[PDB]
$ cat my_file-v6.txt   # compact mmCIF, C-alpha atoms and all ligand atoms
# COMPACT_ATOMS: atom_id res chain seq x y z
CA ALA T 1 0.36 -18.75 15.02
CA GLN T 2 -0.72 -15.73 12.98
CA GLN T 3 2.83 -14.32 12.94
CA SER T 4 6.31 -15.75 13.12
CA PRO T 5 7.94 -15.39 16.55
CA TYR T 6 10.16 -12.41 15.62
CA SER T 7 7.21 -10.41 14.31
CA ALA T 8 4.94 -11.59 17.12
CA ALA T 9 7.42 -10.67 19.85
CA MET T 10 7.90 -7.16 18.47
CA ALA T 11 4.15 -6.65 17.97
CA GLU T 12 3.47 -7.72 21.56
CA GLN T 13 6.10 -5.30 22.85
CA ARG T 14 4.62 -2.44 20.81
CA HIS T 15 1.13 -3.37 22.05
CA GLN T 16 2.22 -3.27 25.70
CA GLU T 17 3.93 0.08 25.11
CA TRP T 18 0.86 1.56 23.44
CA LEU T 19 -1.43 0.47 26.26
CA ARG T 20 1.01 1.97 28.75
CA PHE T 21 0.56 5.33 27.02
CA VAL T 22 -3.21 4.88 26.90
CA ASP T 23 -3.32 4.16 30.63
CA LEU T 24 -0.98 7.03 31.48
CA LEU T 25 -3.23 9.44 29.60
CA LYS T 26 -6.34 7.89 31.19
CA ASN T 27 -5.00 8.68 34.64
CA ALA T 28 -3.74 12.11 33.58
CA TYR T 29 -7.28 13.09 32.62
CA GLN T 30 -8.46 12.00 36.09
CA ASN T 31 -5.72 14.13 37.71
CA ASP T 32 -6.28 17.17 35.43
CA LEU T 33 -2.78 16.69 33.97
CA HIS T 34 -3.88 15.73 30.45
CA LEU T 35 -3.08 19.10 28.83
CA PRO T 36 0.59 19.24 29.89
CA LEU T 37 0.92 15.49 29.30
CA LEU T 38 -0.24 15.89 25.72
CA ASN T 39 2.04 18.92 25.22
CA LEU T 40 4.97 16.74 26.36
CA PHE T 41 4.17 13.72 24.22
CA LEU T 42 2.83 15.36 21.03
CA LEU T 43 4.60 17.92 18.88
CA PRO T 44 2.68 21.09 18.00
CA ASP T 45 2.10 19.94 14.42
CA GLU T 46 0.83 16.57 15.68
CA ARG T 47 -1.68 18.30 17.97
CA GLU T 48 -2.81 20.49 15.09
CA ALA T 49 -3.26 17.41 12.90
CA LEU T 50 -5.53 15.85 15.54
CA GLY T 51 -7.64 19.00 15.79
CA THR T 52 -8.00 19.07 12.02
CA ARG T 53 -8.78 15.35 11.76
CA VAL T 54 -11.69 15.84 14.18
CA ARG T 55 -13.08 18.49 11.85
CA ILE T 56 -12.61 16.24 8.82
CA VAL T 57 -14.48 13.41 10.55
CA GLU T 58 -17.20 15.85 11.68
CA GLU T 59 -17.67 17.25 8.19
CA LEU T 60 -17.65 13.81 6.57
CA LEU T 61 -20.41 12.67 8.95
CA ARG T 62 -22.40 15.89 8.46
CA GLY T 63 -22.34 15.51 4.66
CA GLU T 64 -22.72 19.21 3.78
CA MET T 65 -19.16 20.35 3.01
CA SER T 66 -18.04 19.73 -0.58
CA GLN T 67 -14.87 17.95 -1.66
CA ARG T 68 -13.27 21.23 -2.66
CA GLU T 69 -14.24 22.90 0.64
CA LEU T 70 -12.64 19.95 2.44
CA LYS T 71 -9.40 20.66 0.56
CA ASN T 72 -9.43 24.45 0.88
CA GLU T 73 -10.65 24.69 4.49
CA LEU T 74 -9.21 21.52 6.04
CA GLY T 75 -6.33 20.56 3.75
CA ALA T 76 -7.97 17.23 2.87
CA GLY T 77 -7.49 16.15 -0.75
CA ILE T 78 -9.13 13.19 -2.48
CA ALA T 79 -6.76 10.60 -1.06
CA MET T 80 -7.10 11.85 2.52
CA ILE T 81 -10.90 11.99 2.21
CA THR T 82 -10.84 8.40 0.95
CA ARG T 83 -8.61 7.28 3.83
CA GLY T 84 -10.69 9.08 6.45
CA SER T 85 -13.90 7.65 5.00
CA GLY T 86 -12.33 4.20 5.17
CA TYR T 87 -11.43 4.65 8.84
CA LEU T 88 -15.02 5.60 9.62
CA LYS T 89 -16.35 2.58 7.74
CA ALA T 90 -13.95 0.28 9.62
CA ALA T 91 -14.85 1.64 13.06
CA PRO T 92 -17.42 -0.13 15.24
CA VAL T 93 -20.90 1.18 14.50
CA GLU T 94 -21.21 1.98 18.20
CA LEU T 95 -18.29 4.41 17.89
CA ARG T 96 -19.64 5.96 14.69
CA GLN T 97 -23.07 6.51 16.27
CA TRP T 98 -21.44 8.01 19.36
CA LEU T 99 -19.36 10.36 17.20
CA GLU T 100 -22.55 11.49 15.46
CA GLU T 101 -24.18 12.31 18.79
CA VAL T 102 -21.16 14.19 20.15
CA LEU T 103 -19.80 15.95 17.05
CA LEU T 104 -23.15 16.74 15.38
CA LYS T 105 -24.88 18.00 18.57
CA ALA K 1 7.48 38.59 13.34
CA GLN K 2 5.05 40.13 15.81
CA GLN K 3 1.62 38.49 15.67
CA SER K 4 -1.07 40.18 13.55
CA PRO K 5 -4.84 39.98 14.21
CA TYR K 6 -5.04 37.54 11.28
CA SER K 7 -2.41 35.24 12.79
CA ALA K 8 -3.87 35.55 16.29
CA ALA K 9 -7.36 34.67 15.11
CA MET K 10 -6.10 31.60 13.27
CA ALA K 11 -4.01 30.50 16.25
CA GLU K 12 -7.00 30.75 18.60
CA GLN K 13 -9.11 28.76 16.12
CA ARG K 14 -6.47 26.00 16.03
CA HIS K 15 -6.36 26.11 19.85
CA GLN K 16 -10.10 25.58 20.08
CA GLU K 17 -9.87 22.72 17.57
CA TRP K 18 -7.24 21.06 19.76
CA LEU K 19 -9.31 21.46 22.92
CA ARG K 20 -12.23 19.90 21.04
CA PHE K 21 -10.17 16.77 20.37
CA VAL K 22 -9.01 16.73 24.00
CA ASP K 23 -12.62 16.88 25.21
CA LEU K 24 -13.77 14.22 22.72
CA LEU K 25 -11.08 11.85 23.98
CA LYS K 26 -11.89 12.69 27.62
CA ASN K 27 -15.47 11.60 26.98
CA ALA K 28 -14.40 8.49 25.08
CA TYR K 29 -12.35 7.37 28.09
CA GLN K 30 -15.46 7.82 30.24
CA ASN K 31 -17.50 5.60 27.87
CA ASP K 32 -14.78 2.97 27.27
CA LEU K 33 -14.55 4.02 23.61
CA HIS K 34 -11.01 5.43 23.81
CA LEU K 35 -9.31 2.47 22.14
CA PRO K 36 -11.38 2.55 18.91
CA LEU K 37 -11.37 6.36 18.95
CA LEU K 38 -7.59 6.43 19.10
CA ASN K 39 -7.37 3.87 16.27
CA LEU K 40 -9.52 6.17 14.13
CA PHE K 41 -7.62 9.38 14.83
CA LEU K 42 -4.01 8.13 15.04
CA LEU K 43 -2.16 6.18 12.39
CA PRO K 44 -0.32 3.00 13.48
CA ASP K 45 3.10 4.64 13.24
CA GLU K 46 1.83 7.56 15.34
CA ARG K 47 0.59 5.18 18.04
CA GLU K 48 3.96 3.39 18.03
CA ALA K 49 5.75 6.72 18.38
CA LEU K 50 3.69 7.57 21.47
CA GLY K 51 4.48 4.21 23.06
CA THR K 52 8.18 4.71 22.42
CA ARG K 53 8.16 8.31 23.67
CA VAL K 54 6.78 7.11 27.01
CA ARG K 55 9.74 4.75 27.34
CA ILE K 56 12.17 7.52 26.40
CA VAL K 57 10.72 9.80 29.09
CA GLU K 58 10.71 6.97 31.64
CA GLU K 59 14.34 6.14 30.93
CA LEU K 60 15.41 9.79 30.95
CA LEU K 61 13.80 10.23 34.37
CA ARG K 62 15.30 7.00 35.74
CA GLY K 63 18.73 8.16 34.59
CA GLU K 64 20.24 4.65 34.34
CA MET K 65 20.27 3.87 30.62
CA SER K 66 23.18 5.36 28.70
CA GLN K 67 22.85 7.39 25.51
CA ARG K 68 24.01 4.41 23.47
CA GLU K 69 21.42 2.19 25.16
CA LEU K 70 18.65 4.73 24.49
CA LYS K 71 19.61 4.73 20.81
CA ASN K 72 19.86 0.95 20.50
CA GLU K 73 16.79 -0.06 22.52
CA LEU K 74 14.46 2.90 21.84
CA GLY K 75 15.74 4.40 18.58
CA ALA K 76 16.35 7.75 20.28
CA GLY K 77 19.42 9.52 18.95
CA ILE K 78 21.10 12.45 20.64
CA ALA K 79 18.93 15.11 18.98
CA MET K 80 15.75 13.37 20.09
CA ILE K 81 17.10 12.92 23.62
CA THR K 82 17.95 16.62 23.71
CA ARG K 83 14.45 17.56 22.56
CA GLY K 84 12.80 15.12 24.97
CA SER K 85 14.95 16.38 27.84
CA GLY K 86 13.89 19.93 26.99
CA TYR K 87 10.20 18.99 26.98
CA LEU K 88 10.60 17.50 30.47
CA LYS K 89 12.41 20.58 31.77
CA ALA K 90 9.67 22.83 30.36
CA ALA K 91 6.82 20.73 31.79
CA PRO K 92 4.91 22.11 34.80
CA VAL K 93 6.15 20.89 38.15
CA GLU K 94 2.96 18.95 38.89
CA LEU K 95 3.42 16.90 35.71
CA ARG K 96 7.11 16.19 36.24
CA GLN K 97 6.50 15.08 39.84
CA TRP K 98 3.59 12.88 38.79
CA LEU K 99 5.56 11.24 35.97
CA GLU K 100 8.37 10.46 38.39
CA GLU K 101 5.80 8.86 40.70
CA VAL K 102 3.95 6.74 38.15
CA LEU K 103 6.65 5.86 35.60
CA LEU K 104 9.31 4.91 38.18
CA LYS K 105 6.85 2.83 40.27
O1 LIG N 1 10.82 15.43 19.48
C1 LIG N 1 10.34 14.51 18.79
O2 LIG N 1 10.88 14.13 17.70
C2 LIG N 1 9.04 13.83 19.18
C3 LIG N 1 8.75 13.80 20.68
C4 LIG N 1 7.63 14.42 21.21
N1 LIG N 1 7.61 14.21 22.55
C5 LIG N 1 8.70 13.45 22.90
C6 LIG N 1 9.15 12.95 24.14
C7 LIG N 1 10.30 12.19 24.19
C8 LIG N 1 11.00 11.93 23.02
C9 LIG N 1 10.57 12.43 21.80
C10 LIG N 1 9.38 13.20 21.73
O1 LIG N 2 -4.81 9.29 6.89
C1 LIG N 2 -4.21 10.30 7.32
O2 LIG N 2 -3.53 11.05 6.56
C2 LIG N 2 -4.24 10.64 8.80
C3 LIG N 2 -5.60 10.43 9.47
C4 LIG N 2 -5.73 9.59 10.55
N1 LIG N 2 -7.03 9.63 10.98
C5 LIG N 2 -7.71 10.49 10.17
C6 LIG N 2 -9.06 10.88 10.16
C7 LIG N 2 -9.49 11.79 9.22
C8 LIG N 2 -8.62 12.31 8.29
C9 LIG N 2 -7.29 11.92 8.30
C10 LIG N 2 -6.85 10.99 9.24
$ encode --input "my_file-v6.txt" --output "C-alpha cells"
Amino acid sequence: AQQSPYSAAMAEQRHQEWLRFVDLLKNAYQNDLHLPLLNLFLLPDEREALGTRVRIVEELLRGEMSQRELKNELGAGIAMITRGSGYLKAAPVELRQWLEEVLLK
Amino acid sequence: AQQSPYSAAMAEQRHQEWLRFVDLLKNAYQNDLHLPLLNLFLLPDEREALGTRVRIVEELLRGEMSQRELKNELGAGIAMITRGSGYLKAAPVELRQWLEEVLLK
C-alpha cells in the first residue's frame, strides 16, 4: 500500500532485524550482560558518539549552554544542533518529559 | 604513546558519559520507552547496522553460511567478518555462551 512490494519487503526485513537487536539487548540488561554485548555490537567511536549525544540532548533541554560552547565542548555545530533539536521536537512528549526528569535531575 | 594524566582524565570522562547512556537506556527499557529513545539517539542507518551485525554474529556462531553467502546476504566482506570474528573471540565467556544459547535457539 504505502510502498511498492520490493521496498516493503526490504523494510519489513530490516524492521524484524532491528527488533531482534532491541530484544537481545533487553534480555542482556536483565542478565547483566549489556556492557559486553554493547562492546561487541558497537565500535568504540560509536559508543563515544552515543555518550556525547546524551550530553547534547541534556544541554539542549537545559538551555544554558551557548551555541559556541556546544561546538567547543561537545563538537556540535549549527547543523548538528538543528538536527538534534528536530529529533527532540519529533519525539513523543512523554519521552521528552521523561528525559527532562532523568537528565535534568 | 604512554597515557598522560590529561589523556587519562579525558578517557575516564568519556567512560562516564558512555555509562550514562547505558543507564538511561536501561531505565527506558524498564518504562517501555526504549523504542522512541533509540529512535532519538541512533540514526536510521545506525539502527540498520545493528540489526545486520546481529545476523552476522548469529551466522558466524552457527558456522553454516559460507563467506560468499555472508557477503551476498548480509553485506559482510572478509574484513568485516575478520573484525566480527575477533570481537566474538575477545568477548567474555558468559556473553559468548549466552549468545550461542539465544541466537541459535
Ligand atoms: O567492525 C565493524 O565494521 C562494525 C561491527 C561492530 N560490531 C560488529 C559485529 C559483527 C560485524 C561487524 C561489527
Ligand atoms: O544527527 C546526528 O549527527 C546524529 C545524532 C543522532 N541523534 C542525535 C542527538 C543529538 C545530537 C546528534 C544526534
$ closest_atom_pairs --input "my_file-v6.txt" --of "chain K" --to "chain T" --cutoff "10 Å" --atoms "all atoms listed in the file" --output "Markdown table"
| residue | atom | partner | partner_atom | distance |
| --- | --- | --- | --- | --- |
| K:13 | CA | T:51 | CA | 9.9 |
| K:14 | CA | T:48 | CA | 6.7 |
| K:15 | CA | T:48 | CA | 8.2 |
| K:16 | CA | T:51 | CA | 8.2 |
| K:17 | CA | T:51 | CA | 4.7 |
| K:18 | CA | T:51 | CA | 4.5 |
| K:19 | CA | T:51 | CA | 7.7 |
| K:20 | CA | T:51 | CA | 7.0 |
| K:21 | CA | T:51 | CA | 5.7 |
| K:22 | CA | T:35 | CA | 8.0 |
| K:23 | CA | T:29 | CA | 9.9 |
| K:24 | CA | T:102 | CA | 7.8 |
| K:25 | CA | T:26 | CA | 9.5 |
| K:26 | CA | T:29 | CA | 6.8 |
| K:27 | CA | T:102 | CA | 9.3 |
| K:28 | CA | T:98 | CA | 9.1 |
| K:29 | CA | T:26 | CA | 6.8 |
| K:30 | CA | T:26 | CA | 9.2 |
| K:31 | CA | T:98 | CA | 9.7 |
| K:33 | CA | T:95 | CA | 6.8 |
| K:34 | CA | T:22 | CA | 8.4 |
| K:35 | CA | T:22 | CA | 8.1 |
| K:36 | CA | T:91 | CA | 6.9 |
| K:37 | CA | T:95 | CA | 7.3 |
| K:38 | CA | T:22 | CA | 9.1 |
| K:39 | CA | T:91 | CA | 8.4 |
| K:40 | CA | T:87 | CA | 5.8 |
| K:41 | CA | T:53 | CA | 6.8 |
| K:42 | CA | T:50 | CA | 7.9 |
| K:46 | CA | T:46 | CA | 9.1 |
| K:47 | CA | T:18 | CA | 6.5 |
| K:48 | CA | T:14 | CA | 6.5 |
| K:49 | CA | T:18 | CA | 8.7 |
| K:50 | CA | T:41 | CA | 6.8 |
| K:51 | CA | T:18 | CA | 4.5 |
| K:52 | CA | T:17 | CA | 6.8 |
| K:53 | CA | T:41 | CA | 6.7 |
| K:54 | CA | T:21 | CA | 6.5 |
| K:55 | CA | T:17 | CA | 7.8 |
| K:57 | CA | T:41 | CA | 9.1 |
| K:84 | CA | T:40 | CA | 8.1 |
| K:86 | CA | T:40 | CA | 9.5 |
| K:87 | CA | T:40 | CA | 5.7 |
| K:88 | CA | T:40 | CA | 7.0 |
| K:89 | CA | T:40 | CA | 10.0 |
| K:90 | CA | T:40 | CA | 8.7 |
| K:91 | CA | T:36 | CA | 6.7 |
| K:92 | CA | T:36 | CA | 7.1 |
| K:94 | CA | T:33 | CA | 7.9 |
| K:95 | CA | T:33 | CA | 6.4 |
| K:96 | CA | T:37 | CA | 9.3 |
| K:98 | CA | T:33 | CA | 8.9 |
| K:99 | CA | T:24 | CA | 9.0 |
| K:102 | CA | T:24 | CA | 8.3 |
| K:103 | CA | T:24 | CA | 8.7 |
$ calpha_fit_rmsd --input "my_file-v6.txt" --fixed "chain K" --moving "chain T"
1.4 Å
$ axis_aligned_box --input "my_file-v6.txt" --around "ligand LIG 2 (chain N)" --padding-each-side "4 Å" --output "JSON"
{"center_x": -6.5, "center_y": 10.8, "center_z": 8.8, "size_x": 14.0, "size_y": 11.0, "size_z": 12.4}
$ atom_distance --input "my_file-v6.txt" --atom1 "atom CA of residue 62 of chain K" --atom2 "atom CA of residue 8 of chain T"
28.3 Å
$ atom_distance --input "my_file-v6.txt" --atom1 "atom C6 of ligand LIG 2 (chain N)" --atom2 "atom CA of residue 101 of chain T"
17.5 Å
$ closest_residue --input "my_file-v6.txt" --among "K:65, K:56, K:100, K:74" --to "ligand LIG 1 (chain N)" --atoms "only C-alpha atoms and all ligand atoms"
K:56
$ closest_residue --input "my_file-v6.txt" --among "T:81, T:93, T:1, T:104" --to "residue 67 of chain T" --atoms "only C-alpha atoms"
T:81
$ atom_distance --input "my_file-v6.txt" --atom1 "atom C4 of ligand LIG 1 (chain N)" --atom2 "atom CA of residue 105 of chain K"
22.3 Å
$ closest_residue --input "my_file-v6.txt" --among "K:44, K:11, K:70, K:2" --to "ligand LIG 2 (chain N)" --atoms "all atoms listed in the file"
K:44
$ closest_residue --input "my_file-v6.txt" --among "K:66, K:76, K:9, K:45" --to "ligand LIG 2 (chain N)" --atoms "only C-alpha atoms and all ligand atoms"
K:45
$ decode --input "my_file-v6.txt" --residues "segment 14-26 of chain T" --atoms "N, CA and C atoms" --output "PDB file, in the first residue's frame"
ATOM      1  N   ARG T  14      14.250  -5.385   7.504  1.00  0.00           N
ATOM      2  CA  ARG T  14      15.062  -4.540   8.372  1.00  0.00           C
ATOM      3  C   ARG T  14      14.372  -4.301   9.712  1.00  0.00           C
ATOM      4  N   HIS T  15      13.049  -4.125   9.697  1.00  0.00           N
ATOM      5  CA  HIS T  15      12.304  -3.934  10.938  1.00  0.00           C
ATOM      6  C   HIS T  15      12.431  -5.149  11.848  1.00  0.00           C
ATOM      7  N   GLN T  16      12.253  -6.356  11.299  1.00  0.00           N
ATOM      8  CA  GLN T  16      12.380  -7.557  12.119  1.00  0.00           C
ATOM      9  C   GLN T  16      13.788  -7.669  12.695  1.00  0.00           C
ATOM     10  N   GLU T  17      14.794  -7.311  11.899  1.00  0.00           N
ATOM     11  CA  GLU T  17      16.179  -7.415  12.342  1.00  0.00           C
ATOM     12  C   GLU T  17      16.484  -6.403  13.436  1.00  0.00           C
ATOM     13  N   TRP T  18      15.925  -5.198  13.325  1.00  0.00           N
ATOM     14  CA  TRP T  18      16.122  -4.195  14.361  1.00  0.00           C
ATOM     15  C   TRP T  18      15.483  -4.646  15.664  1.00  0.00           C
ATOM     16  N   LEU T  19      14.246  -5.137  15.602  1.00  0.00           N
ATOM     17  CA  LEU T  19      13.593  -5.566  16.830  1.00  0.00           C
ATOM     18  C   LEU T  19      14.308  -6.754  17.448  1.00  0.00           C
ATOM     19  N   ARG T  20      14.937  -7.592  16.628  1.00  0.00           N
ATOM     20  CA  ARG T  20      15.713  -8.685  17.196  1.00  0.00           C
ATOM     21  C   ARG T  20      16.881  -8.158  18.019  1.00  0.00           C
ATOM     22  N   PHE T  21      17.562  -7.117  17.527  1.00  0.00           N
ATOM     23  CA  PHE T  21      18.600  -6.472  18.327  1.00  0.00           C
ATOM     24  C   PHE T  21      18.017  -5.867  19.598  1.00  0.00           C
ATOM     25  N   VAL T  22      16.903  -5.148  19.471  1.00  0.00           N
ATOM     26  CA  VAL T  22      16.306  -4.497  20.635  1.00  0.00           C
ATOM     27  C   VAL T  22      15.969  -5.526  21.706  1.00  0.00           C
ATOM     28  N   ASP T  23      15.436  -6.674  21.298  1.00  0.00           N
ATOM     29  CA  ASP T  23      15.061  -7.701  22.268  1.00  0.00           C
ATOM     30  C   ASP T  23      16.286  -8.392  22.857  1.00  0.00           C
ATOM     31  N   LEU T  24      17.323  -8.597  22.047  1.00  0.00           N
ATOM     32  CA  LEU T  24      18.558  -9.179  22.558  1.00  0.00           C
ATOM     33  C   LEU T  24      19.149  -8.286  23.645  1.00  0.00           C
ATOM     34  N   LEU T  25      19.182  -6.984  23.391  1.00  0.00           N
ATOM     35  CA  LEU T  25      19.730  -6.057  24.369  1.00  0.00           C
ATOM     36  C   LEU T  25      18.838  -5.962  25.602  1.00  0.00           C
ATOM     37  N   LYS T  26      17.520  -6.001  25.408  1.00  0.00           N
ATOM     38  CA  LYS T  26      16.591  -6.034  26.533  1.00  0.00           C
ATOM     39  C   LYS T  26      16.928  -7.171  27.480  1.00  0.00           C
TER      40      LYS T  26
END
